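Examining the three-dimensional arrangement
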Amino acid sequence: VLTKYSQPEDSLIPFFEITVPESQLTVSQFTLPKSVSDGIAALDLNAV
Amino acid sequence: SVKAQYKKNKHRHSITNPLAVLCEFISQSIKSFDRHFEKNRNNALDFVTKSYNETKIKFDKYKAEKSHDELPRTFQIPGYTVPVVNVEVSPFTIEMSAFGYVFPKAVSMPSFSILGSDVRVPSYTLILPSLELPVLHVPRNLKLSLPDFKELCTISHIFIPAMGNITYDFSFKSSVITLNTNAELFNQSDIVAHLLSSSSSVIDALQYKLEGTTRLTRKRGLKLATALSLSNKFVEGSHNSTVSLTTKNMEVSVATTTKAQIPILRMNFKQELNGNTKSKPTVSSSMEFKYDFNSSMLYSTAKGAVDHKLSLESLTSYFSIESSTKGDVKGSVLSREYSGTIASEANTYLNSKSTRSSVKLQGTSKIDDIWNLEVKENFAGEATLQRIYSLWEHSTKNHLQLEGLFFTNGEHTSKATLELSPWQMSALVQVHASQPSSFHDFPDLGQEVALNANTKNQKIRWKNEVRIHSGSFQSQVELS
């Protein structure tokens, strides 16, 4: 995250801009009705 | 002669169904609970040592213990025997330390002896510190593990009928009509059905043939395959439905094929449905319909085709939905041509980051060369996690009247768009696209709005124009 003292073109007031850049959140692969397990109990939907 | 004979068979198959997969399943949660228990102990740990800090300096050094001591609470319950349900209850011992205030002590309870497998006795051993001594230390390692519930994990007899043949024949003799309908059903292990109806008559409409097969297995999935066929001079039906369950993947195939035999109305449709699903569910739907109208008495006819195609892709990554249909029709009514058609296309893409939706519509229809040109009924909208855009309906209307003095009519809007982004807000709206005509020069309008905002930067443009008969007015407003 950056912080910069800037002067806008369409605003005569100088400001301080704090910018958080783009983020790429990683969502790992998961399984759907084959065998689900949420860290508590392994549930085999195919078996049922 | 009516036949309704029936060979009764009370015998049935008792298929054993396992439940241990469920029995271990909740037990799996228990094991997590087991470790969760020690987590609780850790929380208790965060106090126990501190509680030790509050015991010694109060009891071990200070003279505040061993004053009028009491016998520890020990409650014993002898075992019992129940021969009716055959349950043995072992003797149970409950121990509380006398020092303190009914503080819990080490409990240990084994399992009992019952008949069958209905409930499970909570056999465990929990160890807790006693206040009779200053040393208090809950064993975090020693957890509480309950035995899994054995609720008939292997005892279950699914009942399947083992039946004979359901026999029912209907036969009748006469001199002008002859019906022989036979219905039979096979229920020994699986579902096998077939119907046969034989109709014989002098009249062609009263003489036809109806037949159909129906099969459904149970040994390897519930694979169904039912096909129908009607042999009639006026109805020609061929309905084909097959559902296959190969114990791993499902299939549906619906081949519906039937046509009409009315001389004044030749209708012919078609229906096909294949709900195939192996790795990603998908829908293949296309509906077909044709019709042919002709009325000589009313001097009217109608000839068109209506179709639709449905596409659906239930893909794990994204979900795109596709739909379009056409309502084409043509006719001639009292020496006046009839037209009209519909075109649809609703494209809606969805994603966890951006979404887009555009609806394209076509309704160009005319009533005997009158009141037509209804085109461009589209509108689009896009939503992203960086920008927003919308351009709604901006159709055009230009229609002609063939009665009077060829009156022209139709009023519509131009495009009018909205653009959104940080630091940039744009509203560009051009509207009032009218059509002047006869009868003293129908008004001609028009309106332009330009809004451009970057926080403090504000550009506002507003233009209007009005035209009436032999005069006009125009106005402009500008804010910079």
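The preceding data block contains the structure.
So, how was this worked out
- All residue numbers are counted from 1 along each chain's written sequence and may depart from the entry's numbering; residues that have no coordinates are not represented.
- By the order in which they are written, chains take letters starting at A while ligands take numbers starting at 1.
- Taken together, the chains in view make up part of a larger assembly, and the values describe this part alone.
- Here the side-chain values reflect all heavy atoms present in the structure, with hydrogen atoms and water set aside.
- Strand pairing requires that DSSP identify at least two bridges connecting the strands.
- Only DSSP runs of H or I covering at least 4 residues are called helices, and only runs of E covering at least 2 are called strands; the numbering of each starts at the N terminus.
- By convention in this document, the label disulfide applies to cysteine sulfur atom pairs within 2.5 Å.
- Relative accessibility under 20% of the residue-type maximum defines a buried residue, over 50% an exposed one, and the middle range a partly exposed one, all with a 1.4 Å probe and only protein chains included.

Residue and element names in this part refer to chain B. Two elements, strand β10 (residues 168-172) and strand β11 (residues 177-186), share five bridges in a ladder whose sense is antiparallel. The residue of β11 that forms the bridge with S171 is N180. Counted along the chain from β10 to the antiparallel partner β11, the turn is four residues long. Judged from the 10 bridges that link them, β11 and strand β12 (residues 191-201) form a sheet pairing that is antiparallel. Along β12, the bridge assignment pairs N182 with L196. Linking β11 back to β12 in an antiparallel pair, the connection comprises four residues.

A few words on unusual backbone geometry. All names here are of chain B. Positive phi, close to 30 degrees, is recorded for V102, a residue that is not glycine. Here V102 lies in the loop between β6 (92-96) and β7 (107-109). Positioned with a positive phi, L152 is a non-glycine residue whose angle comes to about 55 degrees. As for its position among the elements, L152 is in the loop between β8 (124-126) and β9 (157-161).

All names here are of chain B. Under the counting rule described, the total for this entry stands at one disulfide over all chains. Between the sulfur atoms of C23 and its disulfide mate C153 the distance is 2.0 Å. An S-S torsion of about -95 degrees defines the bridge between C23 and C153 as left-handed. A residue pair is termed long-range when its members are at least 10 positions apart, and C23 in helix α1 (residues 20-53) and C153 in the loop between β8 and β9 qualify at 130 residues. Assessed through its relative accessible area of 7%, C23 is described here as buried. For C153, a relative accessible area of 9% translates into the label buried.

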